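J.: Below: one structure in structure tokens.
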């Protein structure tokens, strides 16, 4: 699930901007 | 008392028609021109629906007001958007910039946006406002990186996704999140709808990009390859690159002043490709991620409407 | 000063952006209009919405590229994250009530729809409305309201050389007259 990955890199960068 | 979507959309549409009236005549005709040439009102739709899993046995005025606000912000974006893209037609009729002029369209966009802010003051939680506002900022900086990305054949997929997240998914996410927060839903249901909406939004945009190669000059109200003619390297095109080193170099040399035939050649290659399908596939995986979460929600008519609406969203083609 | 603060805020917001056109930040309004008493953000919010608005105005007059519009809109979105931290909800009503009006008046001017009495009334509004309502909401109501047409006083230097940008469809002669023939009246 490549979307397993991605959607959380985004997640992180939305916190650790 | 069984929530009727059609009926719900009209109540939001009538509230939009009043909100658009202005002391300045042209701003009124322009807003109405766009409003009535009509689009699908998906954002208002997700807001109404997202609120049925809260604690209101019927849709409150506060939720209709957030719905009206969302469509007005969406519209401001469309209007300013057609000024930037020298676009010709919107929803089948002339874009404001062409029916009147550039000054008018810019002004109409500011107008539409200001009204959106007036209407969000119906929400009382100061954390929603902070949430909606920072999101609009990301949307905008998004629109900027995209314009700045125009014709960049070296960009990555992980980066195209981040681009359709700010550009489109983000406001669908706000429509489902806020809609639940308006009818006092709980941490989970809200977190659930924030995620459901975000996945629908990602799928949404991926579909547009696929339909820019597979649709019609007529049904698209624009050429075809349109996004590529403007330099936008979308999912289909990123996929065919990773597996076709010829096409990759064929894209590296592509820019505005290229002859229409190098473009035709490119948009013609994407079609007989598997990439149009690998793209569609990502849309699909995204839609399941949304359907899975919709299931984890309480049974009832709303859950049946979201399931239904989430199932057309993907099995769509225009 | 809010002038400098805003340049720093626009900074953070304009990170990852390659090359952006200009952005004049009307120094005066940031200046003189520092009756401090009023909140911090409330100052720059007022100076920010004045900034995007004048920036988008200019795009069509100085012929700035279209991508310039996104800039004007980011600054605008910036303005709301700011209304967001100000937490004063009623201020957001009064203020957005002013933004649609400013925009309606400019549209009216552009479309040769106002008479002279009107053009002149429009000008005061467009030029004072944001600060008028920002100041008169935090630093007493009956404060700048008795000096309403004197808040307009920070135009005293811009000799008949001040060309709006929103007055674009009107010629110098005009403007310098309807804005002189309402200064030699507004005062006294």
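Residue numbers (the authors' numbering), protein chains in the order written: chain K, 174 to 190; chain A, 2 to 319; chain C, 3 to 190. Just so you know, even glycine gets a beta-carbon here, dropped at the ideal spot from N, CA and C.
Rounded to whole angstroms, how far is the Cβ of residue 134(C) from the Cβ of residue 153(C), which I believe are closer than 8 Å?
T.: That pair is a contact at about 6 Å.
J.: Identify the contact partners of residue 162(A) in chain K, using a Cβ-Cβ distance below 8 Å as the criterion.
T.: Ordered by position in chain K, the residues that pass the 8 Å Cβ test against residue 162(A) are 179 and 183.
J.: List the residues of chain K whose Cβ lies closer than 7 Å to the Cβ of residue 159(A), in chain order.
T.: What residue 159(A) touches in chain K: 179 and 182.
J.: Which stretch, first to last residue, makes up the alpha helix (DSSP H) that contains residue 314(A)?
T.: Element bounds for residue 314(A): 302-315.
J.: Express the C-alpha separation of residue 304(A) and residue 99(A) in angstroms, rounding to a whole number.
T.: About 42 Å.
J.: Start and end of the alpha helix (DSSP H) containing residue 242(A)?
T.: Residues 236-243.
J.: Closer than 9 Å, CB to CB, is residue 1(A) near chain K or not?
T.: What the structure shows of chain A is the stretch from 2 to 319, and residue 1(A) is not part of that stretch, so it cannot be assessed.
J.: Can you name the start and end residues of the alpha helix (DSSP H) that residue 93(C) belongs to?
T.: Residue 93(C) -> alpha helix (DSSP H) spans 91-112.
J.: Looking at the structure shown, is residue 257(A) part of a helix, part of a strand, or coil, going by DSSP?
T.: Looking at residue 257(A) - three-state DSSP - the assignment turns out to be coil, as it is neither helix nor strand.
J.: Please find out if some non-hydrogen atom of the ligand ADP comes closer than 8 Å to the beta-carbon of residue 188(K).
T.: Although the ligand ADP was asked about, the structure shown includes no ligands whatsoever.
J.: How about the segment 78-97 of chain C and the segment 89-109 of chain A: do they share at least three Cβ pairs that are nearer than 8 Å?
T.: They do not touch, by the three-pair rule.
J.: Could you please tell me which residues of the segment 35-56 of chain A, in chain order, have their CB closer than 8 Å to any CB of chain C?
T.: The residues in question: there are none.
J.: By the 8 Å beta-carbon criterion, what residues does the segment 281-311 of chain A contribute toward chain K?
T.: So the list reads 283, 286, 287 and 290, given in the order they occur along the chain.
J.: In terms of DSSP beta bridges, what is residue 95(A) paired with?
T.: Answer is 90(A), bridged to residue 95(A).
J.: Could you spell out the range, first to last residue, of the alpha helix (DSSP H) harbouring residue 287(A)?
T.: Per DSSP, residue 287(A) belongs to the alpha helix (DSSP H) from 276-296.
J.: Are residue 199(A) and residue 181(A) closer than 9 Å when you measure CB to CB?
T.: No, the Cβ-Cβ distance between residue 199(A) and residue 181(A) is not below 9 Å.
J.: For residue 66(A), is the classification buried or exposed, using 16 other Cβ atoms within 10 angstroms of its Cβ as the cut-off for buried?
T.: By the neighbour-count rule (16 or more Cβ atoms within 10 Å), residue 66(A) is buried.
J.: Hey, out of 11(A), 184(A) and 286(A), whose CA is closest to residue 64(A)'s CA?
T.: Among 11(A), 184(A) and 286(A), the Cα nearest to that of residue 64(A) is on 184(A).
J.: Need the endpoints of the alpha helix (DSSP H) that residue 160(C) sits in, please.
T.: Taken as a continuous stretch (DSSP letters only), residue 160(C) belongs to no alpha helix (DSSP H), as it is neither H nor E.
J.: Along the chain, where does the alpha helix (DSSP H) that runs through residue 117(A) open and close?
T.: Taken as a continuous stretch (DSSP letters only), the alpha helix (DSSP H) holding residue 117(A) covers 103-121.
J.: Hey, does residue 110(A) have any beta-carbon neighbour from chain C nearer than 9 Å?
T.: Chain C contact via Cβ: present.
J.: Of the residues 29(A), 222(A) and 262(A), which one's Cα is nearest the Cα of residue 89(A)?
T.: Residue 222(A) is the option with its Cα nearest to residue 89(A).
J.: Please compile the residues from chain A whose C-beta is within a distance smaller than 8 Å of the C-beta of residue 106(C).
T.: Chain A residues near residue 106(C): 23, 24, 25, 28 and 112.
J.: What residue from 111(C), 174(C), 13(C) and 51(C) has the CA that sits closest to residue 31(C)'s CA?
T.: Looking at the Cα atoms, 51(C) is the closest of the given residues.
J.: Alpha carbon to alpha carbon, how far is residue 86(A) from residue 38(C)? Give it in angstroms, no decimals.
T.: Residue 38(C) and residue 86(A): Cα-Cα distance of roughly 43 Å.
J.: In the DSSP assignment, find the alpha helix (DSSP H) that holds residue 123(C) and state where it starts and stops.
T.: Run containing residue 123(C): 118-140, per the alpha helix (DSSP H) assignment.
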